[PDB]
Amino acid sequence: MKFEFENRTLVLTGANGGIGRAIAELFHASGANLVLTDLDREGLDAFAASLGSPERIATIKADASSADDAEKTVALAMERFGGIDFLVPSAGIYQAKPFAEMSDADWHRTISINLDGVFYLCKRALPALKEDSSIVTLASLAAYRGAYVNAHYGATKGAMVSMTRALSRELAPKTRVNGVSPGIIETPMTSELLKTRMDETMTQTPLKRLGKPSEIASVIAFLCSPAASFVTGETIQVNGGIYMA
């Protein structure tokens, strides 16, 4: 698959994370413009240098929980490239916190980043969305299988699935809204939990391996591409068969 994104503009939050980096690389290689935001301004700027074509790249330090940063992100997209073709709210946190130990602060921090932030970005982006544009949300296996020790994480990822359906109705026919639901992907997000459970996870997985960040990115690219022109409201499971939904 080869994506033709020349002169199409991607806004991607959490761009320095494992899946975020894979998304940026694939879209950049496909000729797209990138507006990358992240809470870690130093890593993002350094990472962007390696992908380097500054004519097609703009970066900004942005907190997913900040409504004003969503406004800055859209204004930068409008100023640099004149609009938005693809919107991907990838920024999120994954905290292991058994429910009996979950503090009110624990709960609010996960909802603010994983859910409120997605609202802020989608809402501020509306005037900048172009014809044939795409929003792609990031759900998770946990929304479908049920989180083991992360009821707040699971809640926000179930919210992603339904929010995708709602916005798919409201922004049609101009904009399509879809999602990707990753399974177990090897990134720093999962590194500590997964180091003693790699064999167990592969044994449970029909494809017998962990997912790669690029295998999430390629599905996001598909959903943004003309190959998905009649797909809207839909969240796709990308988990090697570890779970059937």
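From 1 onward, residues are counted along the sequence shown.
Asks: Between 39-47 and 206-214, which has the higher average C-alpha B-factor in the PDB entry?
Replies: Averaging CA B-factors over each stretch, the winner is 39-47.
Asks: I need to verify one thing: averaged over C-alpha atoms only, is the B-factor higher for 71-79 or for 107-115?
Replies: Going by the record's values, the stretch with the higher mean is 71-79.
Asks: Choose from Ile57, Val177, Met198, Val180 the residue with the greatest Cα B-factor as stated in the PDB record.
Replies: Highest C-alpha B-factor among the listed options: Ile57.
Asks: Looking at the C-alpha B-factor values in the deposited entry, which of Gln237, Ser225, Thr232, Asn16 comes out highest?
Replies: Checking the PDB record, the top C-alpha B-factor among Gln237, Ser225, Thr232, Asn16 is at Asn16.
Asks: Ranking every modelled residue in this chain by its Cα temperature factor as given in the entry, which third contains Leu171?
Replies: As the PDB entry reports it, the C-alpha B-factor of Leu171 lands in the middle third of its chain.
Asks: Using the B-factors in the PDB entry, rank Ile184's C-alpha atom against the chain and give the third, lowest, middle or highest.
Replies: Answer is lowest: the recorded C-alpha B-factor places it there.
Asks: Lowest, middle or highest third: where is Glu131 by Cα B-factor in its chain?
Replies: Highest third of the chain for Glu131's C-alpha B-factor.
Asks: Can you work out whether the C-alpha temperature factor of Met163 puts it in the lowest, middle or highest third of the chain?
Replies: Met163: CA B-factor falls in the lowest third of its chain.
Asks: Could you say whether, by C-alpha temperature factor, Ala139 belongs to the lowest, middle or highest third of its chain?
Replies: Ranked within chain, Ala139 CA B lands in the lowest tercile.
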